[PDB]
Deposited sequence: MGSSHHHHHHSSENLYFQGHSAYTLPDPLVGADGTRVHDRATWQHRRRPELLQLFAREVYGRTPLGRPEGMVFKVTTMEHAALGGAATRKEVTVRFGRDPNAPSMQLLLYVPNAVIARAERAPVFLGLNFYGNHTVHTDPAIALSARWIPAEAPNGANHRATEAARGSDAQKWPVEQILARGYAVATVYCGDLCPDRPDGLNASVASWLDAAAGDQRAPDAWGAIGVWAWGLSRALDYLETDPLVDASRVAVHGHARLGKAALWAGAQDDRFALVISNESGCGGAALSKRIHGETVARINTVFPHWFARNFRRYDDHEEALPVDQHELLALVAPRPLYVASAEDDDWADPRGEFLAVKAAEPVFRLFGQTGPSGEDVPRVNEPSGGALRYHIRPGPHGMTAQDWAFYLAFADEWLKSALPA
């Protein structure tokens, strides 16, 4: 089935007519719904005893274009406590103006020094932006028994307990804790971004953690930006069966039963409002369900409009390589699933508008 629940009708049926009601009544309702039925509850906020050790600082990386820092973010005072490694490139030209750089923060899938994977780090830097990354497997190994060797392990797990997407997302927020202590970056101007499974975590981190200034979802698909109730491409039963550690056990109640869902992903997107949000698809990426990613944006737009922000105009998918929307923005690009220089060019212009 497929009737979408209204972001702007509360659980008790009252109509959300103002931003205060949205901020302090409706948002907590949706956050707790997504936590309980989909991603699982985030248990730890900031742990006590987090320690940041800057292990490497190189002031003339990439030809003097960038400063590169390597940072262990340790999650306890003990020196052999669990940790993650954050890689940061800062543009030198911005440091030379005595300004903290705005930052693109995203998880990587193959390791910090694979960005197999490559992002246009040099272009991002050339455009005046810092780049930070953490390998997702320092937080939760992407495998079905992966939570036992993960930050969440330090007869089973509870049905509303978080999986890998929630642990990855919590990792992004801890990366932001670090960025707040780093005088070369403006932690109030952080674009949190992700591709595919890591875009699911980027969305979930941006909705829970409203410190993030900008949120970018690149082809995050099922249980990211795509409407589950559309039953197109990847389905809930497919994703929980192949990746049973990603979501909460409770998400499996919705296996082949998306009609029963009490929310859909347009409401995840609405939790970014009023902060700028970018959802993007690939034209041949039927698995992620591009129309469903676009329609989730459109069904989220009323919440942005409550704050006077606008989304893609038109009620169907805009032409390829034509981004559309104000603070709430979409593009679809030609070709297959991935993250490309085309996507990044559109993201950088969006950031130029909202972070510089």
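- Counting from residue 1 of the deposited sequence, the stretches lacking C-alpha coordinates in this chain are 1 to 21, 137 to 169, 209 to 214, 417 to 421.
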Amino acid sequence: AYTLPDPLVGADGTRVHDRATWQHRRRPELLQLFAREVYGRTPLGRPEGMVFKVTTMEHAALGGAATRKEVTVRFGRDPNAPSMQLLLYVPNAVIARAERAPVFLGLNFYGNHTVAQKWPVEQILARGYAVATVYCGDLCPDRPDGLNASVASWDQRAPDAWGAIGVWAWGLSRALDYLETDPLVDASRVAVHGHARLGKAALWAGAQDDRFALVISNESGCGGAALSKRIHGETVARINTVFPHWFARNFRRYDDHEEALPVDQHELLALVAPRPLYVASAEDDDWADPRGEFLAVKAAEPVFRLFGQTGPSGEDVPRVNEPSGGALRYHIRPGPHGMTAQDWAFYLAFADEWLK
From here on, numbers count along this sequence of modelled residues.
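- In this crystal structure, the stretch out of 340 to 348 and 18 to 26 whose C-alpha atoms carry the higher mean B factor is 18 to 26.
- When the two stretches 141 to 149 and 244 to 252 are set side by side, the higher mean Cα temperature factor goes to 141 to 149.
- The maximum CA B-factor among the listed residues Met50, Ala296, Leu306, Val38, taken from the PDB record, is found at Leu306.
- Residue-level inspection of the entry shows that, of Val272, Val134, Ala201, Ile95, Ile95 has the top Cα B-factor.
- In the deposited entry, the Cα temperature factor of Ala300 sits in the bottom third of values across the chain's modelled residues.
- In this PDB entry, the Cα temperature factor of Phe75 sits in the middle third of its chain's modelled residues.
- Annotation for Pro183: CA B-factor lies in the middle third of the chain's modelled residues.
- Ranked within its chain, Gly326 lands in the lowest third, by CA B factor from the PDB record.
- Sort the chain's modelled residues by C-alpha temperature factor and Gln117 lands in the highest third, per the entry.
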